[PDB]
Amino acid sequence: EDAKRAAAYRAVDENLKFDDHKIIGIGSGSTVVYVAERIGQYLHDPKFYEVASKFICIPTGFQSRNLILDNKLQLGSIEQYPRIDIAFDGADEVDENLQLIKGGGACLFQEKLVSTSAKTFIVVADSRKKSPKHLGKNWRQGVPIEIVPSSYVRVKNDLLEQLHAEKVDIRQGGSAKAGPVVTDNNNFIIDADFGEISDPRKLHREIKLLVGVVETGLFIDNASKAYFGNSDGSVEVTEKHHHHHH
């Protein structure tokens, strides 16, 4: 939690341009908590209250919608505000090229609709999310894939037989819900282990073309920067072209 907040405040302070940005994407993170918190803080500041009052915040589902309202920020919809200025969100893993695995919380669809509608997309995470090189290195649970519910047998068959997935499960709802997770868009989630992914761009397209697949947890050529919090208060940043700094 320590690390999570560190990354978030730097991400907002360095990238949110009070002169340029009005439509802000707020993601489904447990790290974004501190993004919404930071933005909320600017609204409590007499210096920025007037400009921050006018920010319209676009959610990526229910926790996100909640984080916005609870921070007293204006809540908009992506349908009314389709051109987003800047979006902040978490990630389940980030690779050396700022390709992401997302969807650990089953909200990958609206996360991607928002992030790919944004001029700038910023990821905020704790340092464990930063892979030595490839997606699928430390996030071992699979690429989340949102699917039409009637297709779960077909999609599982295709992922195994055509795409050579190593492991494919329809995500179940645990103690909160018996049987399959249903998303905010009324879909199922498959978690598909592909091992370490060397060509995530190619992998995404292959999964996306499948009959039954709604969207993948692979976010490709989208994030412009990722901020990673350390417990020790420090923050590392990954940018495009393999450039990284503290």
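Start at 1 and count along the sequence shown; that's the residue number.
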Selected stretch [higher average CA B-factor]: 193 to 201 or 176 to 184: 193 to 201
If you average the CA temperature factors over each stretch, which comes out higher, 156 to 164 or 99 to 107? 156 to 164
Would you mind checking which of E206, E37, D221, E215 has the top Cα temperature factor in the PDB entry? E37
How does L210 rank on Cα B-factor within its chain, lowest, middle or highest third? lowest
Taking the entry's C-alpha B-factors for this chain, is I58 in the lowest, middle or highest third? lowest
Lowest, middle or highest third: which one holds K137 when the chain's residues are ordered by CA B-factor from the entry? highest
Cα B factor band for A11 (lowest, middle or highest third within the chain): middle
In terms of the CA temperature factor given in the entry, to which third of its chain does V237 belong: lowest, middle or highest? highest
